[PDB]
Each structure stands twice: as structure tokens, then as C-alpha cells.
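**Student:** This structure is in C-alpha cells; I'll ask about it shortly.
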Amino acid sequence: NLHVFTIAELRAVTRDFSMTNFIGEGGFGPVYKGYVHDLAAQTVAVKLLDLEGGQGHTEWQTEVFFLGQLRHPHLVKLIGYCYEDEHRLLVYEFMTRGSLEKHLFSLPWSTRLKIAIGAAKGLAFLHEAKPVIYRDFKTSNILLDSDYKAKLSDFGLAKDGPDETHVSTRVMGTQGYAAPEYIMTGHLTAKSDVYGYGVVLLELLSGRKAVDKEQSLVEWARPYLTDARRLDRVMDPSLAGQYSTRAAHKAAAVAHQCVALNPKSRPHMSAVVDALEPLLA
Ligand SMILES: Nc1ncnc2c1ncn2[C@@H]1O[C@H](COP(=O)(O)OP(=O)(O)OP(=O)(O)O)[C@@H](O)[C@H]1O
Ligand SMILES: [Mg+2]
């Protein structure tokens, strides 16, 4: 199952958390490239809890719980963890192309479709199970391997699904991706995840960030997604001649349904996979 590491071992693994091994960070803490020697030898990612930050043991234990039981091809693999006095660390497989937001903010139309399909399969797997609500579905939580295969990562805010119709919890997440009905009510469902997936799809189609202080991508591009004649106002100009009108229009319409403000109008993620997969043919 999961391997238990010591601080001393992760110090060896990451060249004592050298700044040259820095590969990214978030609200939990910074992440360092590392190498495990003869568990097979491989390049790993080591995430360290920042003890002055806004996160802590709860997010750590959530990832260990969910990633230690969840195994799918579009989900990042958790190799092990460290729990040593006040310190908390997480060890994942190294995703060689990092997180999607750094590539988006150049990416071929076919590559973007492939990323959107892979991320959708990961999310569909969580929803169809013991269903799991991803909650923090955003661009920077999609990681990429050498072939740009997309994998969901960072299950710090992951929650179990509801005879109930919703889950009552704190409003947590990231502006622009968190579902509006969830923000306003504190009621979380799997349909809340579909809104954030729609936002990421919107970002892949337009090259624009969800929020940029016209500041909100969804609100601005919302009325332009249903009409194939208006595609030029939403499609990334760096994507020109790469897509057929039908493929971009169907992707745009899928995005539009996913960012509906009525959660009952959003599609199931498995229907999203079925709409998008043919576009790659
Ligand atoms: N397995 C990995 N392979 C390559 N890079 C990674 C990996 N895990 C994390 N990173 C890099 O470090 C960044 C931060 O990781 P992660 O999203 O897990 O941090 P976090 O603090 O939990 O973020 P949040 O603030 O959303 O909670 C990632 O977006 C990614 O760029
Ligand atoms: Mg996190």
C-alpha cells in the first residue's frame, strides 16, 4: 500500500529540499523533485506542509485517505507519506510536465482535447465510485506526463458524497472555479465539481484565465458558446485552423452546459466523456 517515510529519508530523497529541486507550491506548501533508490526506483514529488500557512493536518489526512484507496489511470499516484512530530509530507509519482496552468498561462488543439478528456475520465471515476466529490477542481490541479496525459492531483479538499441530496461543509476552494450555488449556500454536490470542470474546459478553449482583474471568463464568454457562428470571439487565436467548426462548437456547448448556474442542468461527467472523446478522432 502506502510507504511510510521519515524526515531523514525525504531529506536524502530531495537533496535536503534544495531550491534546484523546487517544482511548485500551493496553500499546503512547496513541492520538491526527489529520487528514490533501490518500491521501484523513480522520480517522485515531495509536498511539505507549511506550518504557518492556512492548511494543515486535515488536508494531509484527506489526501492519504482518498489517494491511498483511489486507483485509476487519470488520478495521480500517492507513493507514501511522512508524519513525524509537527511535520507532514506527501510523496507522489513525479508528473514530468507539471501542472496545466503553467502550460496554458502553444498547446495544440488535439493536446487540449486529450487533456480535457483525461481530466473528465478522472472526475467521472470519482463521481461513479462510495462516490467522492473532488471540490477543488481547477487548472493547476491537472498534472501532465510526457505524453500530456492528464491526471487529477491534490485531494486536500476531497469529500465523501451524500438518501441525502447534498453535503454541508465550509466554503472552500478557489475563486472562479468553485461552483456558485456552493459558494452561496455551503451545500456541496458532485454537480459542483462539474462547474469547475466547465471552467477549465473554457480555459483550454480560449487560452484565458477563469479570473483576470470581462474579468470573469464564464460571465463574459457565457452567451457566446451556444452559436457556432460566434466561435471566433471565444476560441484562443493561437488555435486557428487546427479545429473544425463542429469540434470546437461541441466542446464549447459542453462547456456551456457544465457552467450552468442551475446545478440540475449540468451533465454527468460520464456524458461529458462521451461528448468529447469523438472530437479527438
Ligand atoms: N506529482 C507532481 N509532479 C510534478 N509536479 C507537482 C506534483 N505535485 C505537485 N506539483 C507541483 O506543485 C504544485 C503544488 O502542488 P499541490 O497542488 O499538490 O499543492 P497544494 O498546496 O495542495 O495546492 P492548493 O493550494 O490547491 O491546496 C502543483 O500545482 C504542481 O505544479
Ligand atoms: Mg491542496
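By order of appearance in the C-alpha cells: chains A, B, ..., then residues from 1 within every chain, and ligands from 1 in the order shown.
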Write out as a PyMOL selection string each polymer residue (protein, DNA or RNA) that has an atom no more than 8 Å from ligand 1, with only C-alpha atoms and all ligand atoms counted.
**Tutor:** chain A and resi 23-33+44-47+49+55+59+76-77+91-102+136+140-144+153-157+173-174
**Student:** Please give the complete set of residues from stretch 77-259 of chain A that DSSP, run on the backbone, assigns to strand (DSSP E or B), formatted as number ranges by chain.
**Tutor:** A: 78-84, 87-93, 99, 132-133, 142-144, 150-152, 159-160, 167-168, 187-188, 211, 216
**Student:** Can you write out the residues you just picked, keeping N, CA, C and O atoms, as a CSV table (one decimal), in the first residue's frame?
**Tutor:**
```
chain,number,residue,atom,x,y,z
A,78,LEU,N,-0.3,8.2,-5.2
A,78,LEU,CA,0.4,8.6,-3.9
A,78,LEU,C,1.3,7.4,-3.5
A,78,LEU,O,0.7,6.3,-3.3
A,79,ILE,N,2.6,7.7,-3.4
A,79,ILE,CA,3.5,6.6,-3.1
A,79,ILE,C,3.6,6.4,-1.6
A,79,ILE,O,3.7,5.3,-1.1
A,80,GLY,N,3.7,7.5,-0.9
A,80,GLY,CA,3.7,7.4,0.6
A,80,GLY,C,3.5,8.8,1.3
A,80,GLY,O,3.1,9.7,0.7
A,81,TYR,N,3.9,8.8,2.5
A,81,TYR,CA,3.7,10.0,3.3
A,81,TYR,C,4.7,10.0,4.5
A,81,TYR,O,5.3,8.9,4.8
A,82,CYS,N,4.8,11.1,5.1
A,82,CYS,CA,5.6,11.3,6.4
A,82,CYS,C,4.8,12.0,7.4
A,82,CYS,O,4.1,13.0,7.1
A,83,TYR,N,4.8,11.4,8.6
A,83,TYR,CA,4.1,12.0,9.8
A,83,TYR,C,5.0,11.9,10.9
A,83,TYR,O,5.2,10.8,11.5
A,84,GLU,N,5.7,13.0,11.2
A,84,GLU,CA,6.8,13.0,12.2
A,84,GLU,C,6.8,14.3,13.0
A,84,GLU,O,7.2,15.3,12.5
A,87,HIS,N,5.7,17.8,11.5
A,87,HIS,CA,5.8,17.8,10.1
A,87,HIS,C,4.9,16.8,9.4
A,87,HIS,O,4.6,15.7,9.9
A,88,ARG,N,4.5,17.2,8.2
A,88,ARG,CA,3.6,16.3,7.4
A,88,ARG,C,4.1,16.4,5.9
A,88,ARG,O,4.3,17.5,5.4
A,89,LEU,N,4.3,15.3,5.3
A,89,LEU,CA,4.8,15.3,3.9
A,89,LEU,C,4.0,14.3,3.1
A,89,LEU,O,3.5,13.3,3.7
A,90,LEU,N,3.9,14.5,1.8
A,90,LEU,CA,3.2,13.6,0.9
A,90,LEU,C,4.2,13.3,-0.3
A,90,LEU,O,4.9,14.2,-0.7
A,91,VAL,N,4.2,12.1,-0.7
A,91,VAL,CA,5.1,11.6,-1.8
A,91,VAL,C,4.2,11.1,-2.9
A,91,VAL,O,3.5,10.1,-2.7
A,92,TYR,N,4.3,11.7,-4.1
A,92,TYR,CA,3.6,11.3,-5.3
A,92,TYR,C,4.6,10.8,-6.4
A,92,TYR,O,5.8,11.2,-6.4
A,93,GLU,N,4.0,10.1,-7.4
A,93,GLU,CA,4.7,9.9,-8.6
A,93,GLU,C,5.0,11.3,-9.2
A,93,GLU,O,4.2,12.2,-9.2
A,99,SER,N,2.0,21.1,-13.9
A,99,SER,CA,0.6,21.4,-13.8
A,99,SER,C,0.2,22.2,-15.0
A,99,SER,O,0.9,23.0,-15.6
A,132,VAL,N,-17.1,10.2,-4.6
A,132,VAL,CA,-16.2,11.2,-4.0
A,132,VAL,C,-16.4,12.5,-4.7
A,132,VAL,O,-16.4,12.5,-5.9
A,133,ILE,N,-16.5,13.6,-3.9
A,133,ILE,CA,-16.6,15.0,-4.5
A,133,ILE,C,-15.2,15.6,-4.5
A,133,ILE,O,-14.7,15.8,-3.4
A,142,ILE,N,-4.5,19.8,-12.4
A,142,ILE,CA,-4.3,18.9,-13.5
A,142,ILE,C,-2.9,18.8,-13.8
A,142,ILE,O,-2.3,19.8,-14.2
A,143,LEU,N,-2.3,17.6,-13.7
A,143,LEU,CA,-0.9,17.3,-13.9
A,143,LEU,C,-0.8,16.6,-15.2
A,143,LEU,O,-1.7,15.9,-15.7
A,144,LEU,N,0.4,16.6,-15.8
A,144,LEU,CA,0.7,16.1,-17.2
A,144,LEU,C,1.9,15.2,-17.2
A,144,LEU,O,3.0,15.6,-16.7
A,150,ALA,N,-3.4,13.5,-18.8
A,150,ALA,CA,-3.8,14.4,-17.7
A,150,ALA,C,-4.3,13.6,-16.5
A,150,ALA,O,-5.0,12.6,-16.7
A,151,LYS,N,-3.8,14.0,-15.3
A,151,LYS,CA,-4.2,13.2,-14.1
A,151,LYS,C,-4.6,14.2,-13.0
A,151,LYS,O,-4.0,15.2,-12.8
A,152,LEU,N,-5.7,13.9,-12.3
A,152,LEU,CA,-6.2,14.7,-11.2
A,152,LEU,C,-5.2,14.6,-10.1
A,152,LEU,O,-4.8,13.4,-9.8
A,159,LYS,N,-14.0,15.3,-0.6
A,159,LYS,CA,-15.0,14.9,0.5
A,159,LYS,C,-15.9,13.7,0.0
A,159,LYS,O,-16.0,13.6,-1.3
A,160,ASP,N,-16.4,13.0,0.9
A,160,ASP,CA,-17.3,11.8,0.6
A,160,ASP,C,-18.6,12.4,0.1
A,160,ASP,O,-19.0,13.5,0.6
A,167,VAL,N,-24.1,17.8,0.6
A,167,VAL,CA,-23.2,17.7,1.8
A,167,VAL,C,-22.9,19.1,2.3
A,167,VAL,O,-22.6,20.0,1.6
A,168,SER,N,-23.2,19.3,3.6
A,168,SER,CA,-23.0,20.6,4.2
A,168,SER,C,-21.6,20.7,4.7
A,168,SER,O,-21.1,19.9,5.5
A,187,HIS,N,-23.7,24.3,0.4
A,187,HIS,CA,-24.2,23.0,0.0
A,187,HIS,C,-23.4,22.5,-1.2
A,187,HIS,O,-23.4,23.1,-2.2
A,188,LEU,N,-22.7,21.3,-1.0
A,188,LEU,CA,-21.8,20.8,-2.0
A,188,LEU,C,-22.4,19.5,-2.6
A,188,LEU,O,-22.9,18.7,-1.8
A,211,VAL,N,-10.3,33.9,-13.9
A,211,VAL,CA,-10.5,35.3,-13.3
A,211,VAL,C,-9.2,36.1,-13.6
A,211,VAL,O,-8.1,35.6,-13.4
A,216,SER,N,-14.3,38.0,-15.3
A,216,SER,CA,-14.8,36.6,-15.2
A,216,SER,C,-15.0,36.0,-16.6
A,216,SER,O,-15.8,36.5,-17.4
```
**Student:** Give me the residues near residue A:207 as an MDAnalysis selection string, where near means some atom within 9 Å (using only C-alpha atoms) and where sequence neighbours in that chain fewer than 3 positions away do not count.
**Tutor:** chainID A and resid 104:105 202:204 234:238
**Student:** Find, counting only C-alpha atoms, the residue in A:48, A:261, A:158, A:273 that gets nearest to residue A:65.
**Tutor:**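 Checking each candidate against residue A:65, we get A:158 as the closest.
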**Student:** From the options A:281, A:75, A:126, A:172, which residue's atoms come nearest to ligand 2, counting only C-alpha atoms and all ligand atoms?
**Tutor:** A:172
**Student:** Could you list, as a VMD selection string, every residue within 10 Å of residue A:199, counting only C-alpha atoms and ignoring same-chain residues fewer than 3 positions away?
**Tutor:** chain A and resid 137 to 139 176 to 179 194 to 196 202 to 205 209 to 210 217 to 218 255 to 256 258 to 259
**Student:** Could you name the residues that touch residue A:114 at 8 Å or less, counting only C-alpha atoms, but leaving out those on the same chain fewer than 2 positions away, as a VMD selection string?
**Tutor:** chain A and resid 110 to 112 116 to 118 148 to 150 280
**Student:** Return the single residue from A:128, A:232, A:63, A:181 that is closest to ligand 2, with distances computed using only C-alpha atoms and all ligand atoms.
**Tutor:**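 Checking each candidate against ligand 2, we get A:63 as the closest.
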**Student:** Considering only alpha helix (DSSP H) as DSSP defines it on the backbone, what residues of stretch 21-147 of chain A qualify? List them as a PyMOL selection string.
**Tutor:** chain A and resi 57-67+100-104+109-127
**Student:** Using N, CA, C and O atoms, can you export the residues from the last selection as a short mmCIF file (atom, residue, chain, number, x, y, z; two decimals), in the first residue's frame?
**Tutor:**
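Listed below is the output, out34.cif:
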```cif
data_model
loop_
_atom_site.label_atom_id
_atom_site.label_comp_id
_atom_site.auth_asym_id
_atom_site.auth_seq_id
_atom_site.Cartn_x
_atom_site.Cartn_y
_atom_site.Cartn_z
N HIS A 57 -3.12 19.46 9.11
CA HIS A 57 -3.24 18.01 9.19
C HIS A 57 -4.49 17.49 8.48
O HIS A 57 -4.47 16.40 7.90
N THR A 58 -5.60 18.23 8.56
CA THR A 58 -6.84 17.78 7.94
C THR A 58 -6.66 17.54 6.44
O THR A 58 -7.01 16.47 5.93
N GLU A 59 -6.10 18.52 5.73
CA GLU A 59 -5.87 18.35 4.29
C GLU A 59 -4.89 17.21 4.03
O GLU A 59 -5.06 16.45 3.06
N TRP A 60 -3.85 17.09 4.85
CA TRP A 60 -2.90 15.99 4.70
C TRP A 60 -3.60 14.65 4.83
O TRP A 60 -3.51 13.80 3.94
N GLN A 61 -4.32 14.45 5.94
CA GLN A 61 -5.00 13.17 6.18
C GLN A 61 -6.05 12.87 5.10
O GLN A 61 -6.26 11.70 4.73
N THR A 62 -6.70 13.91 4.56
CA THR A 62 -7.68 13.72 3.50
C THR A 62 -7.04 13.10 2.26
O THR A 62 -7.59 12.17 1.66
N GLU A 63 -5.88 13.63 1.84
CA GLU A 63 -5.18 13.07 0.68
C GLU A 63 -4.76 11.63 0.94
O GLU A 63 -4.93 10.76 0.07
N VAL A 64 -4.18 11.36 2.11
CA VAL A 64 -3.73 10.00 2.41
C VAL A 64 -4.92 9.04 2.36
O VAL A 64 -4.84 7.97 1.74
N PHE A 65 -6.04 9.45 2.95
CA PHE A 65 -7.23 8.61 2.98
C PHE A 65 -7.75 8.30 1.58
O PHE A 65 -8.01 7.14 1.25
N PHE A 66 -7.95 9.35 0.78
CA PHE A 66 -8.55 9.19 -0.58
C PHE A 66 -7.56 8.61 -1.59
O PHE A 66 -7.92 7.65 -2.28
N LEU A 67 -6.34 9.15 -1.65
CA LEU A 67 -5.33 8.67 -2.64
C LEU A 67 -4.80 7.28 -2.28
O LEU A 67 -4.31 6.59 -3.19
N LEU A 100 -1.10 22.01 -15.35
CA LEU A 100 -1.62 22.52 -16.61
C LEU A 100 -1.57 24.04 -16.68
O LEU A 100 -1.35 24.60 -17.77
N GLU A 101 -1.76 24.74 -15.55
CA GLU A 101 -1.87 26.20 -15.63
C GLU A 101 -0.57 26.83 -16.14
O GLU A 101 -0.60 27.91 -16.74
N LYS A 102 0.56 26.16 -15.95
CA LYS A 102 1.84 26.69 -16.41
C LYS A 102 2.05 26.51 -17.91
O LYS A 102 2.83 27.26 -18.49
N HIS A 103 1.31 25.58 -18.51
CA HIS A 103 1.39 25.36 -19.98
C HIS A 103 0.40 26.31 -20.67
O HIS A 103 0.73 26.86 -21.73
N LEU A 104 -0.78 26.50 -20.06
CA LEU A 104 -1.85 27.35 -20.62
C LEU A 104 -1.50 28.84 -20.45
O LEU A 104 -1.70 29.60 -21.40
N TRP A 109 -4.43 22.03 -30.33
CA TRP A 109 -5.88 21.73 -30.16
C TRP A 109 -6.07 20.26 -29.77
O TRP A 109 -6.80 20.00 -28.81
N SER A 110 -5.42 19.34 -30.49
CA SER A 110 -5.55 17.89 -30.20
C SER A 110 -5.04 17.57 -28.79
O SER A 110 -5.64 16.71 -28.13
N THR A 111 -3.97 18.24 -28.36
CA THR A 111 -3.42 18.03 -27.00
C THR A 111 -4.42 18.54 -25.96
O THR A 111 -4.61 17.86 -24.94
N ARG A 112 -5.05 19.70 -26.21
CA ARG A 112 -6.01 20.26 -25.28
C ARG A 112 -7.23 19.37 -25.14
O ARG A 112 -7.73 19.14 -24.03
N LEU A 113 -7.73 18.84 -26.27
CA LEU A 113 -8.82 17.86 -26.20
C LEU A 113 -8.41 16.65 -25.38
O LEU A 113 -9.19 16.14 -24.57
N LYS A 114 -7.18 16.16 -25.59
CA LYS A 114 -6.75 14.98 -24.86
C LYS A 114 -6.70 15.25 -23.36
O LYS A 114 -7.15 14.43 -22.55
N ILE A 115 -6.19 16.42 -22.97
CA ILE A 115 -6.17 16.79 -21.56
C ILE A 115 -7.59 16.87 -21.00
O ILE A 115 -7.89 16.30 -19.94
N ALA A 116 -8.50 17.52 -21.73
CA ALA A 116 -9.86 17.66 -21.24
C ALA A 116 -10.56 16.31 -21.11
O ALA A 116 -11.40 16.13 -20.23
N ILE A 117 -10.24 15.36 -22.00
CA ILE A 117 -10.87 14.05 -21.91
C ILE A 117 -10.31 13.28 -20.72
O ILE A 117 -11.05 12.65 -19.96
N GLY A 118 -8.99 13.31 -20.55
CA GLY A 118 -8.38 12.61 -19.43
C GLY A 118 -8.84 13.14 -18.09
O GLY A 118 -9.19 12.37 -17.19
N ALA A 119 -8.86 14.46 -17.92
CA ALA A 119 -9.35 15.02 -16.67
C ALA A 119 -10.81 14.64 -16.42
O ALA A 119 -11.19 14.33 -15.28
N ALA A 120 -11.63 14.61 -17.47
CA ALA A 120 -13.03 14.22 -17.33
C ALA A 120 -13.18 12.77 -16.91
O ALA A 120 -14.07 12.43 -16.14
N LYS A 121 -12.33 11.88 -17.44
CA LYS A 121 -12.38 10.49 -17.01
C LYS A 121 -12.01 10.35 -15.53
O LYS A 121 -12.66 9.60 -14.79
N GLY A 122 -10.98 11.07 -15.09
CA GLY A 122 -10.65 11.06 -13.67
C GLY A 122 -11.80 11.52 -12.80
O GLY A 122 -12.10 10.90 -11.78
N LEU A 123 -12.47 12.61 -13.20
CA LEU A 123 -13.58 13.13 -12.40
C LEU A 123 -14.78 12.19 -12.45
O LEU A 123 -15.47 11.99 -11.44
N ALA A 124 -15.04 11.60 -13.62
CA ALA A 124 -16.18 10.67 -13.76
C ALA A 124 -15.95 9.47 -12.82
O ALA A 124 -16.92 9.02 -12.19
N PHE A 125 -14.71 9.00 -12.74
CA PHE A 125 -14.35 7.84 -11.88
C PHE A 125 -14.68 8.17 -10.41
O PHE A 125 -15.22 7.29 -9.72
N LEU A 126 -14.39 9.39 -9.98
CA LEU A 126 -14.65 9.81 -8.57
C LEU A 126 -16.15 9.87 -8.31
O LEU A 126 -16.57 9.48 -7.20
N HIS A 127 -16.93 10.34 -9.28
CA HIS A 127 -18.40 10.51 -9.12
C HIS A 127 -19.14 9.17 -9.17
O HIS A 127 -20.17 9.05 -8.49
#
```
**Student:** My list of candidates is A:85, A:276, A:249, A:227. Which is closest to residue A:51 when distances are computed with only C-alpha atoms?
**Tutor:**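 Closest to residue A:51 of all the choices is A:85.
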**Student:** Tell me, in Å to one decimal, how far atom CA of residue A:71 is from atom CA of residue A:41.
**Tutor:**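 Those two atoms sit 19.9 Å apart.
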**Student:** Any idea what's packed within 8 Å of residue A:191, counting only C-alpha atoms, ignoring anything in its chain fewer than 6 positions away? Could you give it as number ranges by chain?
**Tutor:** A: 263-264, 266-268
